[PDB]
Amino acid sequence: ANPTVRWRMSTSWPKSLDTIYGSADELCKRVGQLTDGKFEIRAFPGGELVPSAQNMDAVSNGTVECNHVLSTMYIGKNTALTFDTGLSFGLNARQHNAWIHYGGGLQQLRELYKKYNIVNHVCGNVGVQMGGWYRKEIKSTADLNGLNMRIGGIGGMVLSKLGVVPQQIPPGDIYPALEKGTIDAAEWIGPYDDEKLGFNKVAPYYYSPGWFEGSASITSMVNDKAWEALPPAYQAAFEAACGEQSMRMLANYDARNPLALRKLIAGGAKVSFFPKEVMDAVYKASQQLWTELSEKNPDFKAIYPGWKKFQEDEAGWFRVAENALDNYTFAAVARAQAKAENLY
């Protein structure tokens, strides 16, 4: 019989986010079901076992067996981690999971993570994020200069090029900073989570889109010795649960975000698109950053050329069919809705 195994999972999230934290809980729950309770993983909210800033190191050290994180919180350690979470203007969620599981990505990331005593698993995605919450209007790239912005992931490094001062403030600590004015702006994820955390109460302007990542993919880093110690059925249980949550976390966001955005607008949130001039500047800054990271970090250089070719192939294909139909359907659905609303 397979042994009884007890793990701790240190997440980076508050329990109140029944989207991203809820998915960590589901993951743990499913592993229990699969192993008849013998493989017991207990999830902990951000900051409870260690500060979320320490969640990668805590796994590498064996302090906890695994975590549930945004890997590019740890770009200070290695910027190549951005291939795991997502690059600015990068792959969308579909394309990212394609790259990871059938495009050779997982193997390249496993090699990277091995250096830090980690076996990595993709275990979620939150899709395209919003552009965040701003106290003052963003009219041009000039408005970014000197901006104190809470932002997670590689997009902070991009925005730095345009004068933004970024901070990866943990989610539960964003609101007081925004309320006090020690930051001017904050992005987190999207309508459902953002409404829960309360940012609309203290910033009137909500921009789109969150170009910061093509999709923000979520990772469970596992300690290599903890992983190797598992029997094959338990390794499979963890893999399968992660694969399943790679669909379910985003399914929950997709299900919950629309009503949340409706509520936000009804409550007074002013929602609009970033100006084209801003989009073009942050796109240009992104591309410059990849050149710089390739030249500075051999681990980034090793992955980028193949990743870029994969994005070129994926974007080209999605323009042919996937996005051709979605563009048509979304517009037709909107027209039909407008027609019904105006039928009186």
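Residue positions are given as counts along the sequence shown, with the first one as 1.
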Between 188-196 and 92-100 (mean CA B-factor, as deposited), the higher: 188-196
Read off the CA B-factors in the entry, average them over 296-304 and over 313-321, and name the higher stretch. 296-304
Sort 213, 143, 244, 84 by C-alpha B-factor from the entry and give me just the highest. 143
Looking at 69, 279, 58, 285, which has the biggest Cα B factor in the entry? 58
In terms of the CA temperature factor given in the entry, to which third of its chain does residue 218 belong: lowest, middle or highest? lowest
When the modelled residues of the chain are sorted by Cα temperature factor, does residue 16 land in the lowest, middle or highest third? highest
Among the modelled residues of its chain, does the C-alpha B-factor of residue 267 lie in the lowest, middle or highest third? highest
By the recorded C-alpha temperature factor, relative to the other modelled residues in its chain, which third is residue 120 in? middle
Of the three thirds of its chain by CA temperature factor, lowest, middle or highest, which one includes residue 235? highest
